[PDB]
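Reviewing the structure listed below.
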Amino acid sequence: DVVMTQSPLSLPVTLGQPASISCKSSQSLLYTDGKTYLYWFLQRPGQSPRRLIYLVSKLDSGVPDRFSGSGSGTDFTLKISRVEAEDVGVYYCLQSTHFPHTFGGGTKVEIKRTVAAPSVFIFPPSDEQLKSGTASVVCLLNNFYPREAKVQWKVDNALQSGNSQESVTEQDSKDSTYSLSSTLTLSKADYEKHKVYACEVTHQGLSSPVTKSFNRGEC
Amino acid sequence: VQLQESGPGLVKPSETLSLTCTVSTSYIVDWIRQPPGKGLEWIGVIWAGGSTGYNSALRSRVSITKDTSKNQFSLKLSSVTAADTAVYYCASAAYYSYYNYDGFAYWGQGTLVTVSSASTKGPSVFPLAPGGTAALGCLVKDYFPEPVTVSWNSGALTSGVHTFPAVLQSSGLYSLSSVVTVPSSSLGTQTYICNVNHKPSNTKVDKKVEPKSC
Ligand SMILES: Cn1c(CNc2ccc(C(=N)N)cc2)nc2cc(C(=O)N(CCC(=O)O)c3ccccn3)ccc21
């Protein structure tokens with residue numbers, strides 16, 4: 001099988017600057033009809049891959065002229081003349097000159113924007129959930145940059161471990177930020193044994209860590 | 001060119017995965033898959049005229065066929081295991097002639113297929129109740145398989161919405177949160193409802209989100 005080596009894996013770029021993505025094939029991609037079946041796609045978060053380029057350098061209808069493709073034989077490049085916020089996502093090269101057809105590993109373009117502190121919000125479990133025997137406590141970190149953030153759960157000032165899960169959004173196509181949700185899960189019995197529920201957030205945008213808290217039962 | 005993709009989103013291990021792709025010339029149709037959080041893998045092709053080509057990595061478990069009269073294409077993958085869990089895509093391109101054909105020009109919306117012996121389970125929806133900005137949301141808990149879709153105010157509220165990737169709990173059920181930031185001044189006047197849809201269990205839940213009563 002033809003190995004398609006794509007580089008870099010991660011591509012942080014300043015808004016308005018050019019970008020270059022390399023795709024190197026282990027075999028010539030020149031077919032017997034004189035055509036080179038090398039394609040490029042952009043996969044935006046939660047969307048299907050969308051074709052940008054085909055036949056190395058041909059732009060699909062509707063694709064902005066900021067995108068261009070070049071190369072021959074084994075070394076190919078996708079260039080973006082001036083990166084825009086909506087260009088974030090994962091770019092893939094593909095060869096179909098040889099069977100089986102093979103894709104590059106992908107390149108994730110990230111906008112390197114200014115530091116943005118997260119806005120922190122805490123949510124107690126609903127009375128509806130408490131009736132079912134479980135308590136989910138949610139901490140939200142909204143619209144921050146860079147991605148690096150730490151969430152620490154405290155219950156009556158005791159550090160929690162192994163009872164939380166978190167997930168992070170992909171970089172926003174408009175404001176270039178991330179958001180994160182952390183859920184602390186306890187049994188109703190364990191939840192009722194304690195008073196102070198707190199979420200402590202550490203991030204570059206915060207001069208000192210931010211703690212959001214509530215006292216169980218208070219409206 | 002529009003591509004409609006259909007098929008079960010849950011398949012038991014050892015059973016056959018079946019997907020359908022309808023194109024609305026002639027066409028060349030390719031199938032591609034993407035395991036969660038990973039890259040793209042090419043599965044196979046059906047050429048204009050019916051010739052096929054498959055990825056040897058599928059160890060001859062794969063079949064692609066075209067309906068005799070319509071541009072409808074079927075993907076069959078036998079003896080599935082958890083390694084076959086992925087979003088499956090069909091992609092088409094024009095076949096003008098033997099000297100002018102293309103590939104991967106138009107892609108369908110993907111179909112997630114989860115290979116599991118577990119039963120479908122609808123979610124429970126709980127409110128995440130709230131100067132100058134307020135946050136609110138919905139916790140969509142204990143469902144299987146993925147995905148769930150969440151909208152706010154029947155699609156009228158899109159700005160400031162963040163629907164997080166689901167997490168798999170130790171119970172083997174998924175949990176997801178959807179949040180929205182709004183002006184704190186809007187809380188007394190504007191109604192906020194999260195619309196949750198879980199197609200595998202045919203569950204549709206509308207949850208009004210408001211502060212807890214004092
Ligand atoms: C490697 N390769 C290319 C490179 N370009 C290319 C563009 C796009 C795509 C793509 N869309 N996947 C795939 C490749 N073109 C090819 C045409 C044939 C072919 O004509 N036969 C016979 C067709 C019949 O007998 O009628 C065929 C076709 C499919 C399978 C098996 N055999 C074989 C191999 C080819």
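Each chain gets a letter, A, B and so on, in the order its sequence line appears, and its residues count up from 1. Quick note: numbers below take in every heavy atom, side chains included, and nothing from hydrogens, waters or symmetry partners.
The CG atom of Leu38(A) lies 9.0 Å from the CG atom of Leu55(A); values are rounded to the nearest 0.5 Å. Note: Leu77(B) CG to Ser63(B) OG = 10.0 Å, rounded to the nearest 0.5 Å. Note that the CG atom of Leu29(A) and the NE2 atom of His98(A) stand 5.5 Å from one another [nearest 0.5 Å]. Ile32(B) CD1 to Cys90(B) SG: the interatomic distance, rounded to the nearest 0.5 Å, is 8.0 Å. Taking CD of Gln47(A) as the start and OG of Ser173(A) as the end, the distance is 8.5 Å to the nearest 0.5 Å. To the nearest 0.5 angstrom, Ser78(B) atom OG is 12.0 Å from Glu15(B) atom CD.
No side-chain donor-acceptor contact under 3.5 Å links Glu5(B) to the backbone of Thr20(B). Of the possible polar contacts, one joining the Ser187(A) side chain to the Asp190(A) backbone as a donor-acceptor pair under 3.5 Å is found. Under the 3.5 Å distance criterion, the side-chain polar atoms of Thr114(B) are left unmatched by any main-chain donor or acceptor of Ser116(B). Not one N or O on the side chain of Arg33(B) forms a donor-acceptor pair closer than 3.5 Å with the backbone of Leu40(B). No donor-acceptor distance shorter than 3.5 angstrom exists from the side chain of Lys154(A) to the backbone of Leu159(A), with no hydrogens or angles considered. Put simply, the side chain of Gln6(A) never gets that close to the backbone of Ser22(A): no donor and acceptor are under 3.5 Å apart. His198(B) places no side-chain N or O within donor-acceptor distance of the main-chain N or O of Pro200(B), the cut-off being under 3.5 Å. A donor-acceptor contact shorter than 3.5 Å links the side chain of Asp172(A) to the backbone of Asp175(A).
Between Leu94(A) and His101(A), some side-chain heavy-atom pair lies under the 4.5 Å cut-off. Under the 4.5 Å side-chain criterion, counting only non-hydrogen atoms from C-beta, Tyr197(A) is in contact with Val155(A). Contact of the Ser48(A) side chain with the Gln43(A) side chain is not registered, since no non-hydrogen atoms from C-beta on lie closer than 4.5 Å. Under the 4.5 Å side-chain criterion, counting only non-hydrogen atoms from C-beta, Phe121(A) is not in contact with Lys212(A). When side chains are defined from C-beta on, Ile21(A) counts as touching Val109(A), because their heavy atoms get closer than 4.5 Å. The shortest distance between side-chain heavy atoms of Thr177(A) and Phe144(A) does not fall below 4.5 Å. Contact of the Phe103(A) side chain with the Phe41(A) side chain is registered, since non-hydrogen atoms from C-beta on lie closer than 4.5 Å. The shortest distance between side-chain heavy atoms of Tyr143(B) and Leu176(B) falls below 4.5 Å.
Of the candidates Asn195(B), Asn197(B), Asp206(B), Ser151(B) forms a side-chain hydrogen bond (donor to acceptor under 3.5 Å, both in side chains) with just one, namely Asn195(B). A salt bridge (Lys or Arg N to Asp or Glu O under 4.0 Å) with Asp84(B) holds for exactly one of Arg61(B), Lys76(B), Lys12(B); it is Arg61(B).
Across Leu11(A) and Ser20(A), no two heavy atoms sit closer than the pair CD2-O, 3.7 Å. Residues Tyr191(A) and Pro124(A) approach most closely at OH-CB, 4.4 Å, considering heavy atoms. Between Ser136(A) and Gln129(A), the closest heavy-atom pair is OG-NE2, 2.8 Å. When all heavy atoms of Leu10(B) and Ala118(B) are compared, the pair lying nearest together is CD2-O, 3.5 Å. Here the closest heavy-atom approach between residue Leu19(B) and residue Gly7(B) is recorded as CD2-CA, 3.8 Å. The heavy-atom pair separating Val148(B) from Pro123(B) by the smallest distance is CG1-CG, 4.4 Å.
With respect to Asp102(B) and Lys58(A), no salt bridge is recorded, no charged nitrogen being found less than 4.0 Å from a carboxylate O. Using a 4.0 Å cut-off between a side-chain N of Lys or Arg and a carboxylate O of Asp or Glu, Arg51(A) and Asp60(A) qualify as a salt bridge. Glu110(A) and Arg147(A) are not joined by a salt bridge, as no carboxylate oxygen comes within less than 4.0 angstrom of a charged side-chain nitrogen. Electrostatic pairing of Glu84(A) and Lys174(A) does not count as a salt bridge here, judged by no charged N lying under 4.0 Å from a carboxylate O.
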Under the side chain to side chain contact (heavy atoms under 4.5 Å, CB included) criterion, do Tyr192(B) and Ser186(B) qualify, and how do the steps go?
CA-CA 10 Å; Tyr192(B) 296 103; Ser186(B) 76; 2.7 Å; yes
Full working for side chain to side chain contact (heavy atoms under 4.5 Å, CB included) between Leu17(B) and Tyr88(B)
CA-CA 11 Å; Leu17(B) 179 159; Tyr88(B) 285 76; 3.6 Å; yes
Decide yes or no on side-chain hydrogen bond (donor to acceptor under 3.5 Å, both in side chains) for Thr22(B) and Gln72(B), but give the supporting numbers first.
CA-CA 4 Å; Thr22(B) 307; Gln72(B) 189 175 95; 2.9 Å; yes
side-chain hydrogen bond (donor to acceptor under 3.5 Å, both in side chains) between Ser182(A) and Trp153(A): does it pass, once the steps are laid out?
CA-CA 9 Å; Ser182(A) 179; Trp153(A) 284 102; 2.8 Å; yes
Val180(B) and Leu136(B): CA distance, side-chain angles, deciding distance, side chain to side chain contact (heavy atoms under 4.5 Å, CB included) verdict:
CA-CA 6 Å; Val180(B) 60; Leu136(B) 59 104; 3.7 Å; yes
Could you walk me through whether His162(B) and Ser179(A) pass side-chain hydrogen bond (donor to acceptor under 3.5 Å, both in side chains), step by step?
CA-CA 7 Å; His162(B) 294 299; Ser179(A) 294; 3.2 Å; yes
List the steps, then state whether side chain to side chain contact (heavy atoms under 4.5 Å, CB included) holds for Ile28(B) with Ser92(B).
CA-CA 6 Å; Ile28(B) 291 165; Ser92(B) 67; over 6 Å; no
Under the side-chain hydrogen bond (donor to acceptor under 3.5 Å, both in side chains) rule, what do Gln169(B) and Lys141(B) come out as? Steps first, then yes or no, please.
CA-CA 10 Å; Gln169(B) 305 168 105; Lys141(B) 216 182 129 82; 2.7 Å; yes
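Taking the six-membered ring for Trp and the full ring otherwise, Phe99(A) and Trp42(B) have centroids separated by under 6.0 Å. Annotation: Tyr39(A) is not in aromatic contact with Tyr54(A) [ring centroid separation under 6.0 Å not met].
The ring-ring contact (aromatic ring centres under 6.0 Å, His included) analysis of residues 55-78 of chain B, with sequence neighbours excluded, yields no pairs.
The 12-atom threshold is not exceeded at CG of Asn202(B), counting heavy atoms of other residues, nucleotides or ligands nearer than 6.0 Å. For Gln204(A), the CD atom sits in a loose shell: 12 or fewer heavy atoms of surrounding residues, nucleotides or ligands are nearer than 6.0 Å. Taking a 6.0 Å sphere around CD of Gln109(B), one finds it holds 12 or fewer heavy atoms contributed by other residues, nucleotides or ligands. The number of heavy-atom neighbours closer than 6.0 Å to NZ of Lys121(B), taken from other residues, nucleotides and ligands shown, is 12 or below.
Relative ring orientation between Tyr101(B) and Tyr37(A) is described as parallel, the plane-to-plane angle staying below 30° on a 0-90° scale split at 30° and 60°.
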